[PDB]
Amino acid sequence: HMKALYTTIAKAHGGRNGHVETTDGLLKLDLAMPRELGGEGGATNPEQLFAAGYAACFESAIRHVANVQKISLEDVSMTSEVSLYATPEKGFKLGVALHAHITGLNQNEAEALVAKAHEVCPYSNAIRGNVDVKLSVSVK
């Protein structure tokens, strides 16, 4: 019964070596199956798109929690590593490792901030209980 704050539409065609675009034209992407799976590579793929979206979403959640908590964040960057695995049921699944690099906090402060961000990020909430996510954080 809740109203969408934002909606975006994407259309894909042409298979794993095809093409995908958002209706508003802001994202227009060629696709290719990676060399590691016997493809030609040379373009992006859904695992990269998920890794990129997750890194950016989680960085935003760190910044949001720090702003709400009045935490003295100087900078943050976010690394996501996304792996594809085969399932016993002949499907596929993702696994994820996240690594935050946070400036301005001591190591313990940063670990608590990242933990809170993990509860707020919409990607993290979308995959809870389904995807194993490993978190690490470094300060500098």
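Residue indices: 1-based, along the sequence shown.
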If you average the CA temperature factors over each stretch, which comes out higher, 58 to 66 or 71 to 79? 71 to 79
In the PDB record, does 14 to 22 or 123 to 131 carry the higher mean Cα temperature factor? 14 to 22
Have a look at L98, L49, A32, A112 and flag the one whose Cα has the highest B-factor in the entry. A112
Which third of the chain holds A86 when residues are ordered by C-alpha B factor: lowest, middle or highest? highest
By its CA B factor, does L94 count among the lowest, middle or highest third of the modelled residues in the chain? lowest
